[PDB]
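See below for the structure under consideration.
Note on naming: letters A, B, ... go to the chains in the order of the sequence lines (proteins, then strands), and numbering restarts at 1 for each one. For the numbers below, each heavy atom of this structure counts, side chains included, while hydrogens, waters and symmetry mates do not.
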Amino acid sequence: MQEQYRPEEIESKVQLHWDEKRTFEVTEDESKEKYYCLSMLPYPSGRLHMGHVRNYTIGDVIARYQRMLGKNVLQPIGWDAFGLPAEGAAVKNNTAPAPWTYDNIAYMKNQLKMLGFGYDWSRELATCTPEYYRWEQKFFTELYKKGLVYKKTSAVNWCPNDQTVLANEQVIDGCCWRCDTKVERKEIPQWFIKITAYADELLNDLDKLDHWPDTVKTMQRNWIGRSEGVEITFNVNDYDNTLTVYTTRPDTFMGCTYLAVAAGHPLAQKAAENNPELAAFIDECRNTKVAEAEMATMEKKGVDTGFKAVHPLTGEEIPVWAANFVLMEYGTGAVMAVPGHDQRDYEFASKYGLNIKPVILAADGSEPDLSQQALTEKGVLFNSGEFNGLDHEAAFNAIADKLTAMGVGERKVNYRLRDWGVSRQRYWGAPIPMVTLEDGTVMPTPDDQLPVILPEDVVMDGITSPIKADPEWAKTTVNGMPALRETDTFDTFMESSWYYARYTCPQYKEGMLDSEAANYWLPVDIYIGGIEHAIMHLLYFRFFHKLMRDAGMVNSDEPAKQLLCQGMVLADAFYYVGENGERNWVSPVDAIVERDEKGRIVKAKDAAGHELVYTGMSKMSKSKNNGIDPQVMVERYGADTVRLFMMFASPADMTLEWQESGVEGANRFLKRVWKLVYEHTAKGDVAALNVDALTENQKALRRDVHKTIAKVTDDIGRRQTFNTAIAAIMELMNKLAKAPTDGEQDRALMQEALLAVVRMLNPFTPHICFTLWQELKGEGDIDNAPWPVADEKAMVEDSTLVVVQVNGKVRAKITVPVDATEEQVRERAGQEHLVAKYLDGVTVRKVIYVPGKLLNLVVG
RNA sequence: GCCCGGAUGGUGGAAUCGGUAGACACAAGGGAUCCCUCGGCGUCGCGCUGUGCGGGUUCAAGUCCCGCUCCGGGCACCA
Ligand SMILES: CC(C)[C@@H](O)[C@H](O)C(=O)NP(=O)(O)OC[C@@H]1C[C@H](O)[C@H](n2cnc3c(N)ncnc32)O1
Ligand SMILES: [Mg+2]
Ligand SMILES: [Mg+2]
Ligand SMILES: [Mg+2]
Ligand SMILES: [Mg+2]
Ligand SMILES: [Mg+2]
Ligand SMILES: [Zn+2]
């Protein structure tokens, strides 16, 4: 053993050993309890960043821990390889997306290997390969045939010049990120999967997920947004079509004083034929961008349509207004307004002079003051004809029943959750296996024509997808007739929704899943990812799991028993605007920055002299060029130091503002462990430890080793606070460095301790541990060593520390036999001069005794 | 705007079930790879104060409640 710890002479040697022994390659071994430890697969943007490093270290820590408990652990890795970033990057770099992606995969695979994550490389998948996506295509066709897929018109950001569909990220201030002109909404026919058919199940099964955090379960409930209400239909006077609204507040219905209607509503359109203010307004609205955040912050605006709906119950004509905040796609395109009791409606009505009609009494039974704002509280009705005096429940029911009897209303369940738009009009994605025949009929691509392969050998131009530009490509024949294949491609969450199941049988050719292998490994025991994916991805993932259950592909109702959503790793993000409009994102490594007394960035320049817009600390990201690559730290300090640092900096669930400073802590600590092992083992073999004949000083030390094993075990296995586990190991290491090591018992004890420390560290820093384990003459390779177990007999204590407070303020700390009464603790407490000092002249009014821990004498 | 989080020393963080605030480290300063000091203010072998800010509940709040400021995640085409 070398005196000096040299990660360059260790890490690659140990990685080579795992590659060659196939250490982490697993099969469906029925002799072992499985454990499936899954980390959210990487998108191959080119480099890892520290967000990746935290995700996969947490996951590797757990997979190694579970292996040491004797489990057969599948920890798989793969690439979520389709998507937008490959398209811009290929244009700019004069490549195609495929070759760019596969190069990023190779680079990034090498970085993963160099961090030493124990992945089963034999199960490596890339989602952009037809061996993968053929299965989701077949599955889609089966989903369409079972009536779970439909086509409708949906809004897309449209650049009228380039004639491109843009993602929201590419829309910058309602103008493009290429040339400059106003992006507009274009309604476009697209495919949707009826995730709403599973809304209730998705909502309800949250109650089974006892090992998913409440943050994620609440965000998902609120996203699905299930509601119980009433749909109501209105006639409109010089108009041949009815108008339907949904409300969850039918009780306030007599207070409905106007309807609002989406700029694109046929009623608005008709009215626009005879009204120039209106026409101009509808046309302003085509440049309302599709993004809920923008819908909800924009100044709310309306023009009167001149049409009047008839309130079904009161009979009065109420105005129909066209509004910039109501969308045709997200319901019936019409909403009803109750400005007396909805603050948003109140604001609109105040702005426009519409009737604000009160129908709920104030808390005292008087008519409410609506001069400043709405009375939003549920209450007793008045000014509501036959419904006066009813409360919320009863008014809901009475008004619902009446409208139903009249044939203009029905009780309806509503969800905020919309169906899943899975169409994209980009090239770099899996082709949607649908076809239009010469006939005009549309159908799934026939089975013998699956997969529909995306050609990878392409010339890109940024504007048009090659499969859309090549005329021949879409041509096929179906039912003996000419047909055109769909040139849209799948939303990439399609591939990431089922990868976890495909990792169980990635080389299986006869079907999407080998259910035998799927049912050995599933469900995922723990799914490690960022909080970023708490909603969209996790919901889609749960849904897809239920879809496959309903195809009889899987046993479980849910895909993942436990979920560990780490906080995001953040880094400062910067950009300057390029001379033709476009944001150029500069790495924080390259920004020159001046800082506040509070640490806040206050000026920011790139080295080229550009003035950088500082956007804040935000998730390390492919898109914002703010991802910090670990390569240089791994090369300087070693993978083990980087991994320990990441696990040490913060507990997984906190969000982390990345900084390199602090690494010296991990690195120096690893050098101390190395030194201690070196010094111990330079001395040779140890005698068997004689427990019954230990000193008190030796007993004490042995207690702390075992107390450290128990705590570390709890911290990793129950709390997932890795940072505190590592701190416990450091504390123990600090005691062990001051332990004498002359005698045989002292050395026997140090052997036991070090064998314990090196195993407890192995998940975090496995290359050094693998090596040290050998120096200690541990049995076998550490990857297979049992996790140390604490012995209860070694950690008994007859004494306990009691803090003594007077009036909540610590005045003494005393040691107290564990059998001590309160009365004896009092007396012992009285013996301390700093307790007597605050008791002289006063009366103890109340004693609080937390047995074995605290005495608060409340005095005066 | 809406949903979910968050704020503890110069810095990352610890306090797990309401019970010693600042473990463990980094950085910096001092002393000889190691030891020391290290929130702030002032009988220091003492005392007061202090967990973003404003209030509550409680013998007791970093923890629970209400509110405010600032900050992150998501908001359906970033993945
Ligand atoms: C499962 C699927 C939808 C995702 O995995 C998607 O392919 C993706 O996001 N890939 P990624 O950005 O490479 O990052 C891979 C994972 C996702 C997870 O949130 C984590 N991650 C990504 N970025 C961060 C980050 N900044 N902080 C903390 N964690 C981060 O690594
Ligand atoms: Mg902090
Ligand atoms: Mg602070
Ligand atoms: Mg306390
Ligand atoms: Mg102090
Ligand atoms: Mg405070
Ligand atoms: Zn443009």
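- Two rings, from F490(A) and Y133(A), have their centers 6.0 Å or more apart.
- Remark: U51(B) and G52(B) are not stacked on each other (six-membered ring centres under 5.5 Å, interplanar angle under 30° not both met).
- Judged by the sign of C1'-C2'-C3'-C4', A76(B) carries a south-puckered sugar.
- Nucleotides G1(B) and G42(B) are separated by 49 Å at their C1' atoms, to the nearest Å.
- With a cut-off of 3.5 Å on both Watson-Crick or G-U wobble distances, the partner of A7(B) is given as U69(B).
- Counting any heavy atom pair closer than 4.0 Å across all strands shown, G83(A) reaches sugar-phosphate atoms only and no base atom.
- Side-chain atoms of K809(A) lie closest to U49(B) of the nucleotides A23(B), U49(B), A14(B).
- In this structure, of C26(B), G74(B), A79(B), it is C26(B) that holds the atom nearest to the side chain of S661(A).
- On a pure distance criterion of 3.5 Å, no polar donor-acceptor pair joins the side chain of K598(A) and the base of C70(B).
- Here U69(B) and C70(B) show stacked bases; the six-membered rings are centred less than 5.5 angstrom apart and their planes meet at under 30°.
- Rounded to whole Å, the P atom of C3(B) lies 49 Å from the corresponding atom of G47(B).
- Between the side chain of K711(A) and the base of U16(B), at least one donor-acceptor pair of N or O atoms lies under 3.5 Å.
- Nucleotides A61(B) and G52(B), compared at atom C1', are 16 Å apart to the nearest Å.
- Taking 3.5 Å as the upper bound for both contacts, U11(B) pairs with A25(B) in Watson-Crick or G-U wobble fashion.
- Using the sign of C1'-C2'-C3'-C4' as the criterion, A15(B) is classed as a north pucker.
- No stacking contact links strand neighbours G18(B) and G19(B) by the limits of base ring centres under 5.5 angstrom apart and planes under 30 degrees.
- The cationic group of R643(A) does not satisfy the cation-pi geometry with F764(A), failing either the under 6.0 Å distance to the six-membered ring centre or the 45° limit from the ring axis.
- For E292(A), the side-chain atoms get nearest to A76(B) when compared with the rest of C77(B), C78(B), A76(B).
- Judged by distance alone with a 3.5 Å cut-off, no donor-acceptor contact links the side chain of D491(A) to the base of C77(B).
- Checked against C77(B), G13(B), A79(B), the side chain of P651(A) finds its nearest nucleotide in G13(B).
- Pairing status of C24(B) against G12(B): a Watson-Crick or G-U wobble pair, both distances under 3.5 Å.
- Side chain of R672(A), nearest nucleotide from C77(B), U11(B), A25(B): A25(B).
- For the side chain to side chain contact (heavy atoms under 4.5 Å, CB included) criterion with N856(A), the lone passing option out of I848(A), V803(A), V810(A), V806(A) is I848(A).
- Pairing check for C36(B) against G29(B): the two satisfy the Watson-Crick or G-U wobble geometry, each of the two atom distances being under 3.5 Å.
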**Request:** Take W79(A) and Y499(A), measure what ring pair (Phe, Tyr, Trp, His ring centres under 6.0 Å) needs, and give me the verdict at the end.
**Result:** CA-CA 9 Å; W79(A) 310 96; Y499(A) 74 105; over 10 Å; no
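- With a 6.0 Å cutoff to the six-membered ring centre and a 45° limit on the axis angle, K152(A) counts as a cation-pi contact of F192(A).
- Taking every side-chain heavy atom of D714(A) into account, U16(B) is the closest of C77(B), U16(B), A79(B).
- Judged by distance alone, with hydrogens and angles left aside, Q170(A) brings no side-chain donor or acceptor close enough to the base of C77(B) to form a pair under 3.5 Å.
- Evaluation of the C1'-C2'-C3'-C4' torsion of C71(B) gives a positive value and hence a north sugar.
- With its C1'-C2'-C3'-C4' torsion above zero, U49(B) shows a north sugar pucker.
- When each of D214(A) and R416(A) is assigned the nucleotide of RNA chain B bearing its nearest heavy atom, the one mapping closer to the 5' terminus is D214(A).
- Nucleotide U51(B) is annotated as unpaired relative to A14(B) [Watson-Crick or G-U wobble, both distances under 3.5 Å].
- Across all strands, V810(A) comes closer than 4.0 Å only to sugar-phosphate atoms, never to a base (heavy-atom distances).
- Distances from the side chain of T215(A) to the nucleotides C77(B), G5(B), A25(B) place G5(B) closest.
- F493(A) comes within contact range of at least one nucleobase, with a heavy-atom separation under 4.0 Å.
- Nucleotide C2(B) forms a Watson-Crick or G-U wobble pair with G74(B), both donor-acceptor distances falling under 3.5 Å.
- With a 6.0 Å cutoff to the six-membered ring centre and a 45° limit on the axis angle, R416(A) counts as a cation-pi contact of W223(A).
- When the P atom of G6(B) is taken as reference, atom CD1 of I531(A) falls 11 Å away, rounded to whole Å.
- Nucleotide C24(B) holds its P atom 8 Å from the CG atom of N734(A), rounded to whole Å.
- Here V171(A) lies out of heavy-atom contact (under 4.0 Å) with every strand.
- For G9(B), the glycosidic angle deviates from 0 by 90° or less, giving a syn base.
- Which of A14(B), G12(B), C26(B) sits closest to the side chain of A649(A) comes down to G12(B).
- Aromatic pair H537(A)/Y527(A): centroids less than 6.0 angstrom apart.
- A glycosidic torsion no more than 90° from 0 defines the syn conformation, and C17(B) adopts it.
- Under 3.5 Å, the side chain of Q220(A) and the base of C3(B) form no donor-acceptor pair of N or O atoms.
- South puckering is assigned to the sugar ring of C44(B), since its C1'-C2'-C3'-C4' angle is below zero.
- For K846(A), taking side-chain heavy atoms from C-beta onward, the closest of the listed nucleotides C77(B), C59(B), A76(B) is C59(B).
- If you take atom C1' in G67(B) and the same atom in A23(B), they sit 33 Å apart, rounded to whole Å.
- Taking the syn range as angles within 90° of 0, the glycosidic angle of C44(B) is syn.
- For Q805(A), counting side-chain heavy atoms from C-beta on, the closest listed nucleotide (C78(B), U16(B), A21(B)) is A21(B).
- The base-pairing partner of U63(B), taking Watson-Crick or G-U wobble contacts with both distances under 3.5 Å, does not exist among the strands shown.
- Between the side chains of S154(A) and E329(A), at least one donor N or O lies within less than 3.5 Å of an accepting N or O.
- Here the straight-line distance linking atom CG of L166(A) with atom SG of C176(A) works out to 5.0 Å at 0.5 Å rounding.
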